[PDB]
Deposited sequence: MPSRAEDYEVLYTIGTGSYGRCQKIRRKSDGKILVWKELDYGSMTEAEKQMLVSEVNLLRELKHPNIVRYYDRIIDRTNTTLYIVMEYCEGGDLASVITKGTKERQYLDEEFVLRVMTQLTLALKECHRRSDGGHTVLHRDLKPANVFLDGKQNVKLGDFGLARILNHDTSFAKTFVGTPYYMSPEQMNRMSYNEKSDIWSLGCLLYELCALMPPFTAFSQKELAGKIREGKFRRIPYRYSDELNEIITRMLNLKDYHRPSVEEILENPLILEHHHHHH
């Protein structure tokens, strides 16, 4: 695997994320460009570990890693992976916010189902749940990727556990429905205050009582009252078509 095996089409974001084309079969992919020139041997060893871990993750709802390419000349490491043509959930939400248009319940259910399964897989093996780390492919599939900011999704436990991940999922699904997170504040201390009270607005009325109910359960103050991944997926809301399809 050499860089010359691929051709950069253009830069998606900025190290650098680029949409690329594999020359042999024309397959569309992306790579993440990492300049390791300024790294110590220690940090490079830490980098080697991380990349090996990504190679082991095979799941329909986790962004698929394909390859790693070393360019010793430019001291650049390339991580090759699947392309998610639908971009990230952050952009979907800001888009709904600016166009004043709520997302379909069907879409929210797809995200709930598919991220819950990604989470289930993560818990098996041993990756923050936030809109910017959730990607959409071209087939309605949902995939989990990998100081200044306010920690909107921090659970009550953390500010003091797999149920903690359930809280964060609740926050993400809440924000998808309401187009704002369940707890907002100008500082972290004000934020922490709101989280401890555990009160928030119901998601918009266009969304079913059943969907409101499960999101609300995920946001319970007590970790042990939050549903497990198993209890989530048992929900009558969740159907075959909400799962991944090739």
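- Missing C-alpha coordinates mark the following deposited-sequence intervals, in order: 1-2, 17-19, 132-139, 160-175, 190-193.
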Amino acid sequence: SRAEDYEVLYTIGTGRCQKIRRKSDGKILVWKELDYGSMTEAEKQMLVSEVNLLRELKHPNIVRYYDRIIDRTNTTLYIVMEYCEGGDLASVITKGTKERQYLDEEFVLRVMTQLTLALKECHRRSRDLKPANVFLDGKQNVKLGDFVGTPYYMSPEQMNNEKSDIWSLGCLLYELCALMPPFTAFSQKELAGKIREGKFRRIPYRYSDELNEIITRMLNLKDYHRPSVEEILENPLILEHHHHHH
From here on, numbers count along this sequence of modelled residues.
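Whichever C-alpha set is largest while still superposing within 1.5 Å between the two forms counts as the rigid core.
- Taking the root mean square of CA deviations in 9 other deposited structures of this protein after fitting on the rigid core, 105-113 and 74-82 differ, and the farther of the two is 74-82.
- Relative to the shown model and aligned on the rigid core, the C-alphas in 9 other deposited structures of this protein deviate most, among 223-231 and 5-13, for 5-13.
- In none of the other PDB entries of this protein that model the residues around it does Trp167 lack coordinates, well short of a third.
- Where the other entries of this protein model the residues before and after it, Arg127 is dropped from at least a third of them.
- When the C-alpha B-factors of 163-171 and 87-95 are averaged, 87-95 comes out higher.
- With 127-135 and 111-119 compared on mean CA B-factor from the PDB entry, the stretch scoring higher is 127-135.
- Comparing C-alpha B-factors across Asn61, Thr216, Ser208, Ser187 in the deposited entry, the largest value falls on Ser187.
- Note on the listed residues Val148, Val142, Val80, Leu176: the highest Cα temperature factor in the record is that of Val148.
- Among all modelled residues in this chain, the alpha-carbon of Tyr36 has a temperature factor (C-alpha) in the highest third.
- When the modelled residues of the chain are ordered by their C-alpha B factor, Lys44 lands in the highest third.
- Per-chain ranking of the deposited C-alpha B factor places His246 in the middle third.
- Remark: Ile203 belongs to the lowest third of its chain, ranked by C-alpha B-factor as recorded.
- For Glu7, the recorded CA temperature factor ranks within the middle third of the chain's modelled residues.
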